Trainee: 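Dropping the structure in here first, questions after.
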Amino acid sequence: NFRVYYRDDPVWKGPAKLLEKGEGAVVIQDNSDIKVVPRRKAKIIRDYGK
Amino acid sequence: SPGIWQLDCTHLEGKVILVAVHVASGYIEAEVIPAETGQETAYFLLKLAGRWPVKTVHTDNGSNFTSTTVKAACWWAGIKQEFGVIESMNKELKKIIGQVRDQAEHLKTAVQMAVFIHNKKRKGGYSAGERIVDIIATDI
Amino acid sequence: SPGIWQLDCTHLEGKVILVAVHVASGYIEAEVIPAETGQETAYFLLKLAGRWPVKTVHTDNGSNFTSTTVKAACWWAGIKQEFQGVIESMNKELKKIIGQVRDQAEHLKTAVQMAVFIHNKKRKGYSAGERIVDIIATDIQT
Amino acid sequence: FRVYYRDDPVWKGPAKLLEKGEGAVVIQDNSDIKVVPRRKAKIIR
Ligand SMILES: Cc1ccc(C2CC2)c(-c2ccc3c(c2)CCCO3)c1[C@H](OC1CC1)C(=O)O
Ligand SMILES: Cc1ccc(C2CC2)c(-c2ccc3c(c2)CCCO3)c1[C@H](OC1CC1)C(=O)O
Ligand SMILES: [Cl-]
Ligand SMILES: [Mg+2]
Ligand SMILES: [Mg+2]
């Protein structure tokens with residue numbers, strides 16, 4: 001439903017699983033690694049086309 | 001299938017031409033992009049997906065097609081990615097461009113003239129532009 | 001008529017958005033052009049004419065629409081030019097969808113195409129993208 | 001079969017194509033016989 005794309009490296013990483021959305025950061029899981037990414041450096045894109 | 005497309009890049013005069021073909025009809029769309037990047041490729045797909053029911057896109061392993069930006073566009077638009085119709089179409093497009101090249105200053109103008117000529121030509125009888133509209137309307 | 005279109009330019013973030021609407025269906029196509037000139041307008045029409053059976057285009061008296069470059073493009077593609085409500089109402093509708101999704105993308109051109117996608121895929125059920133394909137295919141098959 | 005040209009950066013035309021040379025084109029615009037260089041002419045079929 002939701003997929004998160006992020007930057008750590010200007011190359012955009014992802015897609016990652018959305019674990020939690022905070023007011024200043026998002027918690028994601030890329031592969032087996034849990035990452036905390038600020039809101040400004042993340043893109044939570046929904047499968048709108050469906 | 002009415003929703004399968006093939007995309008690939010061809011080159012003329014040092015410029016990058018991104019071509020999309022509707023496999024079931026031969027209908028084509030092309031655009032000269034300033035760089036062969038995932039950002040330009042994803043923007044091309046977003047425009048295409050808003051015009052036609054794009055369900056599956058078949059490309060080679062080009063770095064612009066496997067880029068993260070394209071994956072995000074296909075995910076948002078609900079497009080599935082899979083990795084000789086498009087190759088035969090690039091040569092067909094290149095041939096019409098060479099026949100009309102001297103009629104325009106810019107290559108991008110000749111490209112769209114060639115896309116116009118290809119999509120409007122009947123077999124001998126429907127054109128590729130008529131077939132894709134026919135195939136999609138029947139699917140509705 | 002299945003071949004009547006309306007074209008007009010709107011502005012957001014200092015950028016020029018050229019919009020084309022299929023009157024009989026409400027289907028839209030938009031593009032952010034680097035300049036509001038006849039050359040950019042003619043190139044847009046050449047892409048549109050290779051896409052749909054464009055027979056008549058209705059515009060205002062903007063200098064880009066009355067330019068010689070656009071007249072040359074309309075002649076080559078066999079397009080008749082005529083010089084309101086539909087495109088004016090569609091510029092506001094497009095701007096409304098862009099404002100709802102603007103923060104989802106860095107570039108304005110990404111938001112315009114997301115809004116074009118949203119507008120053409122929204123049903124009522126019949127969506128605008130389904131209507132133009134249905135209207136044009138009915139003219140072909142009959 | 002149609003010639004657009006520049007005499008003024010505004011493109012003039014359409015004019016009738018009479019002859020296409022390697023460095024110039026002979027055209028008729030309105031009732032005038034004009035001769036225009038190749039670089040300042042658009043010969044569209
Ligand atoms: C730059 C330029 C300047 C003047 C004109 C015309 C005669 C005034 C054109 C032009 C327009 C339409 C057209 C053709 C040429 C040739 C065949 C298809 O229809 C162009 C054209 O680019 C513009 C984006 C289309 C180009 O690439 O030459
Ligand atoms: C510049 C940039 C960088 C990274 C990405 C993505 C994160 C991988 C995207 C992007 C691509 C597709 C997409 C979205 C964003 C959001 C919703 C619709 O689908 C863009 C995008 O521009 C690209 C020409 C579309 C923009 O304007 O933000
Ligand atoms: Cl937080
Ligand atoms: Mg390739
Ligand atoms: Mg206007």
Side-chain angles (χ1 to χ4, degrees), chain A residues 19-28 36-42 44, chain B residues 6-11 13 15-21 31-33 36 41 57-66 83-91 96-97 99-117, chain C residues 18 31 33-35 37-50 54 64 66-79, chain D residues 1-15 17 25 27 29 36 38-45:
Chain A
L19 300 184
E20 185 48 56
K21 178 185 63 178
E23 295 284 59
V26 290
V27 183
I28 62 184
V36 182
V37 178
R39 292 294 302 270
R40 62 183 186 272
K41 293 186 174 62
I44 307 177
Chain B
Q6 290 185 3
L7 277 73
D8 194 26
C9 286
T10 197
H11 312 264
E13 308 176 12
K15 299 185 180 302
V16 183
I17 307 174
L18 178 50
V19 185
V21 51
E31 181 67 68
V32 180
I33 56 181
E36 191 172 352
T41 303
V57 289
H58 290 72
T59 63
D60 54 16
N61 62 279
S63 63
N64 61 310
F65 295 120
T66 65
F83 302 90
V85 175
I86 180 65
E87 181 191 11
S88 173
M89 209 68 58
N90 289 335
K91 302 188 300 180
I96 309 178
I97 293 173
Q99 296 172 342
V100 307
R101 185 60 189 92
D102 62 325
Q103 300 182 30
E105 174 188 355
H106 304 304
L107 168 67
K108 61 172 61 186
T109 302
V111 169
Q112 304 303 332
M113 294 171 62
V115 171
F116 182 92
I117 291 174
Chain C
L18 179 49
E31 195 96 40
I33 56 181
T37 61
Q39 175 177 351
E40 298 290 338
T41 304
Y43 182 77
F44 182 93
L45 279 165
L46 292 176
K47 296 185 293 186
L48 184 71
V54 180
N64 62 311
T66 64
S67 64
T68 306
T69 309
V70 167
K71 295 179 182 180
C74 291
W75 161 81
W76 183 87
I79 301 178
Chain D
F1 285 87
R2 275 204 181 184
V3 183
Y4 299 89
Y5 64 102
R6 332 178 79 160
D7 275 338
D8 190 6
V10 178
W11 282 96
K12 303 290 180 55
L17 174 63
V25 175
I27 61 181
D29 193 348
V36 170
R38 289 294 303 268
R39 64 180 187 271
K40 295 187 173 304
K42 281 285 173 52
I43 305 178
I44 312 169
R45 188 179 73 88

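Computation of the quantities below employed the complete heavy-atom set of this structure, encompassing side-chain atoms and omitting hydrogens, waters and symmetry-equivalent molecules. Sequence lines set the chain letters: A, B, ... in the order given, protein chains first and strands last, and positions in each chain run from 1. Both ligands and their constituent atoms are indexed starting at 1 by order of listing.
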Trainee: Quick one: nearest non-hydrogen protein atom to atom 8 (C) of ligand 1, plus distance?
Mentor: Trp11(D) CG, 3.7 Å

Trainee: State the atoms of ligand 1, each with its element, that fall below the 4.0 Å cut-off from a heavy-atom position in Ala104(B).
Mentor: 26 (C), 27 (O), 28 (O)

Trainee: Any nitrogen or oxygen of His106(B) lying under 3.5 Å from a nitrogen or oxygen in ligand 1? Just yes or no.
Mentor: yes

Trainee: Side chain to side chain contact (heavy atoms under 4.5 Å, CB included) for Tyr4(D) and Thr69(C)? Distances and angles first, verdict last.
Mentor: CA-CA 9 Å; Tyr4(D) 299 89; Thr69(C) 309; over 6 Å; no

Trainee: What I want to know is whether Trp76(C) and ligand 1 share at least one N or O pair that is separated by under 3.5 angstrom.
Mentor: no

Trainee: Does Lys42(D) make a cation-pi contact with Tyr5(D) (under 6.0 Å, within 45 degrees of the axis)?
Mentor: no

Trainee: Quick check on contacts: which atoms of ligand 1 are under 4.0 angstrom from a heavy atom of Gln103(B)?
Mentor: 16 (C)

Trainee: Inspect the contact between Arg101(B) and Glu13(B) and indicate whether a charged nitrogen and a carboxylate oxygen are less than 4.0 angstrom apart.
Mentor: yes

Trainee: Tell me the protein heavy atom at minimum distance from atom 25 (C) of ligand 1, and give that distance in Å.
Mentor: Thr109(B) OG1, 3.6 Å

Trainee: Side chains of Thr37(C) and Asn64(C) only: does a donor on one sit below 3.5 Å from an acceptor on the other?
Mentor: no

Trainee: Quick test: of every protein heavy atom, which one is nearest to atom 24 (C) of ligand 1, and how far off is it to 0.1 Å?
Mentor: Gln39(C) O, 3.3 Å

Trainee: Quick check against the 3.5 Å criterion: does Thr68(C) have a side-chain atom that pairs as donor or acceptor with the backbone of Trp11(D)?
Mentor: yes

Trainee: Would you tell me which option among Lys71(C), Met113(B), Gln112(B) has the nearest heavy-atom contact to atom 17 (C) of ligand 1?
Mentor: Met113(B)

Trainee: Give the atom numbers and elements of ligand 1 that come within less than 4.0 Å of a heavy atom of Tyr4(D).
Mentor: 7 (C)

Trainee: What protein heavy atom sits nearest atom 28 (O) of ligand 1, and how far away is it?
Mentor: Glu105(B) N, 2.8 Å

Trainee: Which residue and atom name correspond to the protein heavy atom nearest atom 10 (C) of ligand 1, and how close is it?
Mentor: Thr69(C) CG2, 4.3 Å

Trainee: Which residue and atom name correspond to the protein heavy atom nearest atom 13 (C) of ligand 1, and how close is it?
Mentor: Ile44(D) CD1, 4.2 Å

Trainee: Report the part of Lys42(D) (side chain from C-beta onward, or backbone N, CA, C, O) that has a heavy atom under 4.0 Å from ligand 1; answer both or neither where that applies.
Mentor: side chain

Trainee: Closer than 2.8 Å to the Mg ion (ligand 4), how many protein N/O/S atoms do you count?
Mentor: 2

Trainee: Carefully, step by step, assess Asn90(B) and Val19(B) under the rule side chain to side chain contact (heavy atoms under 4.5 Å, CB included).
Mentor: CA-CA 8 Å; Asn90(B) 289 335; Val19(B) 185; 3.5 Å; yes

Trainee: Salt bridge check: are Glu31(B) and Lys108(B) linked by an N-O gap of less than 4.0 Å?
Mentor: no

Trainee: Please evaluate residues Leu19(A) and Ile28(A) with respect to the criterion side chain to side chain contact (heavy atoms under 4.5 Å, CB included), reporting the C-alpha separation (whole Å), side-chain torsions for both, the decisive distance (0.1 Å), and the verdict.
Mentor: CA-CA 5 Å; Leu19(A) 300 184; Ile28(A) 62 184; 5.6 Å; no

Trainee: Looking only at heavy atoms, which two atoms of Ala42(A) and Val37(A) are closest? And how far apart?
Mentor: CB-CG1, 4.0 Å

Trainee: Of all the heavy-atom pairs spanning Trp75(C) and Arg45(D), show the shortest one and how long it is.
Mentor: CH2-O, 3.6 Å

Trainee: Give a yes or no on this: more than 12 heavy atoms of other residues, nucleotides or ligands lie within 6.0 Å of atom CZ of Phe83(B).
Mentor: yes

Trainee: Give me the atom names and distance for the closest heavy-atom approach of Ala25(A) to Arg39(A).
Mentor: N-CG, 3.6 Å

